[PDB]
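To start, the structure itself, in structure tokens.
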Amino acid sequence: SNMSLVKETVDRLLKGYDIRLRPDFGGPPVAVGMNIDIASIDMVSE
Amino acid sequence: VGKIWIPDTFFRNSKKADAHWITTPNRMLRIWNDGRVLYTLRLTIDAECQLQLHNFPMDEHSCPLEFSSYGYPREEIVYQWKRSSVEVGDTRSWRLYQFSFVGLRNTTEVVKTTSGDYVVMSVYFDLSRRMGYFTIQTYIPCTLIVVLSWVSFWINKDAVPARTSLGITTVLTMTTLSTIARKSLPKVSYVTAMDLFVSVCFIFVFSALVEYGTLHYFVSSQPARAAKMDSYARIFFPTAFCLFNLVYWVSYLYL
Amino acid sequence: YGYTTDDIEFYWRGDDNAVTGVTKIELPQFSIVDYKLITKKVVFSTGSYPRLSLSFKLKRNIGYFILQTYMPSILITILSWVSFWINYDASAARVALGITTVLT
Amino acid sequence: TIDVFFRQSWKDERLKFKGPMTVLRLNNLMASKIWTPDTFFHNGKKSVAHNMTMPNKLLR
Amino acid sequence: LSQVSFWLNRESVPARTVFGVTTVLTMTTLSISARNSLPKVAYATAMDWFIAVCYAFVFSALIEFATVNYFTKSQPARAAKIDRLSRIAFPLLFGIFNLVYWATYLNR
Ligand SMILES: *[C@@H]1O[C@H](CO)[C@@H](O[C@@H]2O[C@H](CO)[C@@H](O[C@@H]3O[C@H](CO[C@H]4O[C@H](CO[C@H]5O[C@H](CO)[C@@H](O)[C@H](O)[C@@H]5O[C@H]5O[C@H](CO)[C@@H](O)[C@H](O)[C@@H]5O)[C@@H](O)[C@H](O[C@H]5O[C@H](CO)[C@@H](O)[C@H](O)[C@@H]5O)[C@@H]4O)[C@@H](O)[C@H](O[C@H]4O[C@H](CO)[C@@H](O)[C@H](O)[C@@H]4O[C@H]4O[C@H](CO)[C@@H](O)[C@H](O)[C@@H]4O[C@H]4O[C@H](CO)[C@@H](O)[C@H](O)[C@@H]4O)[C@@H]3O)[C@H](O)[C@H]2NC(C)=O)[C@H](O)[C@H]1NC(C)=O
Ligand SMILES: *[C@@H]1O[C@H](CO)[C@@H](O[C@@H]2O[C@H](CO)[C@@H](O[C@@H]3O[C@H](CO)[C@@H](O)[C@H](O)[C@@H]3O)[C@H](O)[C@H]2NC(C)=O)[C@H](O)[C@H]1NC(C)=O
Ligand SMILES: *[C@@H]1O[C@H](CO)[C@@H](O[C@@H]2O[C@H](CO)[C@@H](O)[C@H](O)[C@H]2NC(C)=O)[C@H](O)[C@H]1NC(C)=O
């Protein structure tokens, strides 16, 4: 079943994962790409 | 609820929404032996409804309520209305003062976003504005101020301060009425039916004051001009106002 | 906030189509004329940090103010002119007209 | 109203380390496991510690 | 105050014009300011009917002055009779309306 594969994979990926350290903690910087989808601009108050 | 998988349904046009937590989270879960899961919760939603306020206050709108999954595209989550899907109650205890609930419909579409294609469910509530508050607030006052302006035509033309006072007071209160009437609407740029009615009333009262000014100007050169002018105004102002009322209401009602 | 430019680097995915939905925005009092995306770095006492900037240019619609302030003002000024046709003997009328227009 | 970067610095000899780095630049999440000062504003009325999209805090 | 105007000299045309129009505008101001104590309901309330009847009385006083001015200098006896009859009818009818209104809504 694909459920067992996905569960094993997700358990392995989160096996011993340190949230305190970023990707490439001591190495080069990580590049973050940003998208924005503006749904509304509500109230422009003077 | 927090221990099983729950779909990440959210409402797409909600400015803000909250669940209920008094006295406990207003939530219910039921699980049948075949694995079927029913999850219910009480919600209060402020949902945006872009109103086209042309024809205000005789304006009718379809306000939407759109929801979809936040992170699962159509390949992963599909929503479907049941036959008995959207049920309203008595509708009399609702908080619709300026509007009356006409009816509702449901729709389902597929929206393309930056992260995929998503099944989007919509409910449309039809709301028609009630013309009972703005009548009392604006239409009767403006009409009465126009009639008060007409009263100036039966005052003796020699009494300049009397008729000029009536004229200026009528114009100033029409200005105040215009401001008060506009205070209800958002600051839109286009013209609405209420603005039309108020502007026409203002034209009427200013035309009365201008008629008296002309009558006073012509009493020094040709009196019969003014003598006939007074009766002409007495007969032309109410007739023109009644005809404007007929045109205005027949237009804005059967439209 | 805490990562400097030797730890993290921002950019716009698509570099101009990173932002969507600006063309559909409905404001009853304004109009979105233009918008832009910027990429730069700022410096505080604690170091240098990456920065993205999204900016909009809002042009205010004039129609509301035409029907709300300018038309009443011009009409009051015309009402003030009306007194020039009243004869000087009718002092009370002209004074009432001018004073009402001024005070309003 | 005032919007500030508020910076504090102290010595905690319990946190000395030796490694390939001279400074550890840790997120807000680490500052919860160590002792931090309980600084408050005396004439403050109702303040905000911004946490969008994460707690706007930095520990080094 | 609108009814006080019936006890002025018929030659005081500016004075009675001021009386009439200022009382009518005061009634409009009071109606506009009283419509704010309520929510924006779509029906009329007892207070609305009372204000409407008061506005009718003030406007009727103004119309009565306009009539008696129309009949001065051409039928002075008619104007004098209309003023005399108004001085009695307007306050009496206002009292009658008040009794009826306050007995209707204070006994439900
Ligand atoms: C920036 O900082 C902000 C400030 O910190 C931050 O906002 C905070 O975010 C957190 C996390 O998102 C919020 O915490 C969650 O709150 C959920 C409920 O939220 C509503 O209610 C709170 C008040 O919560 C009280 O009431 C509920 C219901 O009555 C209780 O369930 C709570 O425990 C809590 O009760 C205590 O307080 C009461 C007084 O209020 C006491 O009377 C009571 O006795 C308790 O002492 C409101 O503050 C919220 O308002 C805010 O959020 C809304 C969001 O729309 C805003 O609109 C609004 O403006 C406010 O900002 C809101 O109204 C909790 O449900 C949730 O806890 C569950 O999930 C977590 C995560 O998994 C679990 O750890 C937790 O244990 C809970 O799971 C259990 O319970 C659920 C039932 O709800 C079960 O289904 C589930 O299976 C699980 O059960 C298991 O564990 C149980 C133990 O709890 C056990 O009993 C069971 O047997 C079973 O084993 C979570 O606590 C917090 O409220 C926000 N606060 C504010 C002020 O915003 C913001 O996110 C930050 N931003 C960023 C970008 O980071
Ligand atoms: C709204 O205001 C912002 C901020 O003032 C405007 O952003 C400005 O945009 C111009 C043109 O893109 C930037 O000029 C550029 O400067 C760099 C600096 O090296 C130069 O290399 C480029 O050739 C260009 O001249 C300017 O820096 C930028 N301002 C800031 C503070 O970053 C924006 O244009 C205004 N209008 C709109 C519609 O956003
Ligand atoms: C709500 O949505 C459902 C599903 O889209 C609609 O169900 C249809 O109802 C009509 C009866 O008028 C049936 O002829 C169709 O066969 C139904 N479709 C399905 C897929 O079962 C329902 O009409 C909608 N309710 C509204 C619009 O008020």
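When we count neighbours, we look across all protein chains shown, and the Cβ atoms used for this are built from the backbone with ideal geometry, even at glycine. Bear in mind that the values in this text are calculations on the coordinates, not laboratory data.
I'd like the distance separating the alpha-carbon centroids of chain A and segment B:184-210, in whole Å.
Between the Cα centre of chain A and that of segment B:184-210, the gap is 56 Å.
Would you calculate, for chain B, the mean residue ellipticity at 222 nm contributed by helices, counting each DSSP H stretch of 4 or more residues as -39,500 (n - 2.57) and dividing by all residues, to the nearest 500?
It comes out at -12500 deg cm²/dmol, rounded to the nearest 500.
How far is helix C:91-103 tilted off the main Cα axis of chain C, in degrees rounded to 10, range 0 to 90?
Approximately 10 degrees, to the nearest ten.
Over chain B, calculate the relative contact order: mean separation of alpha carbon pairs under 8 Å at least 6 apart, over the residue count, as a percent.
In percent, rounded to a whole number, it is 16.
Which of the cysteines found in the protein assembly as shown have nothing to pair with, since no other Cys Cβ lies under 4.7 Å from theirs?
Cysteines lacking a close Cβ partner in the protein assembly as shown: B:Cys242, E:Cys54.
Give the cross-link partners of B:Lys3 among the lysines, using a straight C-alpha distance below 22 Å as the criterion and excluding same-chain residues fewer than 8 apart.
Reachable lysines: A:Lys7, A:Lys15.
Of C:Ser48, C:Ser55, how do they rank once you tally other Cβ atoms within 10 Å and put the fewest first?
Fewest to most other Cβ atoms nearby, the residues stand as C:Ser55, C:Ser48.
Three principal axis extents, largest first, for the C-alpha atoms of chain D, in Å?
Extents along the principal axes, in whole Å: 43, 26, 18.
Which entries in C:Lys36/C:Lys59; B:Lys16/B:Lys82; B:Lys15/B:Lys183; D:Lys11/D:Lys57; C:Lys24/C:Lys59; B:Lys15/C:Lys24 show an alpha-carbon gap greater than 20 Å?
Long pairs (Cα-Cα over 20 Å): B:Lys16/B:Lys82; B:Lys15/B:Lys183.
Can you pull the one-decimal nm distance between simple spin-label points at E:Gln75 and B:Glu60, each 7 Å off the Cα toward Cβ?
5.2
Fewest to most neighbouring Cβ within 10 Å: what's the order for B:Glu60, B:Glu48?
Numbers: B:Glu60 13, B:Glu48 16.
Fewest to most other Cβ atoms nearby, the residues stand as B:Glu60, B:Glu48.
Any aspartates and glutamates with Cα under 19 Å of the D:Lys45 Cα? List them, leaving off those in the same chain fewer than 8 positions away.
D:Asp3
Taking only the alpha carbons of segment B:1-130, what extent do you get along each of the three principal axes, in Å, biggest first?
Cα extents, longest axis first: 52, 39, 28 Å.
In Å and on Cα atoms, what radius of gyration and Dmax does chain C show?
In Å, with Rg to one decimal and Dmax whole: 28.2, 87.
In degrees, nearest 10, range 0 to 90: what is the angle between the Cα axis of helix B:223-253 and the longest Cα principal axis of chain B?
10
Using a cut-off of 19 Å between alpha-carbon atoms, which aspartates and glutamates can reach D:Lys33, once sequence neighbours fewer than 8 places away in the same chain are excluded?
Result set, ordered by chain and number: A:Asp18, D:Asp12, D:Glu13.
Tilt of helix E:46-71 relative to the longest C-alpha principal axis of chain E, in degrees (0 to 90, nearest 10)?
The angle comes out near 10 degrees.
Show me the chymotrypsin sites (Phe, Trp or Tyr not before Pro) within segment E:1-90 that DSSP assigns to loop and that have at most 11 other Cβ atoms within 10 Å of their Cβ.
For chymotrypsin sites (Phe, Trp or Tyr not before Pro) across segment E:1-90 that sit outside H, G, I, E and B with at most 11 neighbouring Cβ atoms in 10 Å, the list reads E:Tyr43.
Kirkwood Rh and Cα-based Rg: tell me the resulting Rg over Rh for chain B, rounded to two decimals.
1.23
Relative contact order of chain D, please, whole-number percent, based on alpha carbon pairs below 8 angstrom and at least 6 residues apart.
47
Roughly how compact is chain A, stated as its Cα Rg over 2.2 N^0.38 Å to two decimals? All intermediate terms of the calculation are to be shown ahead of the outcome.
Numbers: Rg = 19.5 Å, N = 46, 2.2 N^0.38 = 9.4 Å.
Cα-based Rg divided by the globular estimate yields 2.07.
Report P(r) for the protein assembly as shown: all Cα-Cα distances, bin width 20 Å, range 0 to the bin holding the largest distance, values in whole percent.
Calculated P(r), rounded to whole percents: 13, 33, 27, 18, 8, 1.
Which loop trypsin sites (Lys or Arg not before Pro) in segment B:174-207, with loop taken from DSSP, have no more than 11 other Cβ atoms within 10 angstrom of their Cβ?
Numbers: sites: B:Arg182, B:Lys183, B:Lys187; in loops: B:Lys183, B:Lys187.
Sparse-neighbourhood loop trypsin sites (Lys or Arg not before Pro): B:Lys183.
For B:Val120, E:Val100, what's the fewest-to-most ordering of other Cβ within 10 Å of each Cβ? Numbers along the way, then the final one.
Details: B:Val120 18, E:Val100 10.
Arranged by neighbour count, lowest to highest, B:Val120, E:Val100 become E:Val100, B:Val120.
Can you give the local net charge around C:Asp16? Use residues other than it whose beta-carbon is closer than 14 angstrom to its beta-carbon, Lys and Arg +1, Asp and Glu -1.
0
Plugging the Kirkwood radius over Cα pairs into Stokes-Einstein for segment B:131-255, at a temperature of 4 °C and a viscosity of 1.567 mPa s, what D comes out in µm²/s?
Calculated translational D: 83 µm²/s.
I want to verify the translational diffusion coefficient of chain E in µm²/s; compute it with Stokes-Einstein, Rh as the Kirkwood radius over Cα pairs, at 25 °C and 0.890 mPa s.
Taking Rh from Cα pairs, D becomes 160 µm²/s.
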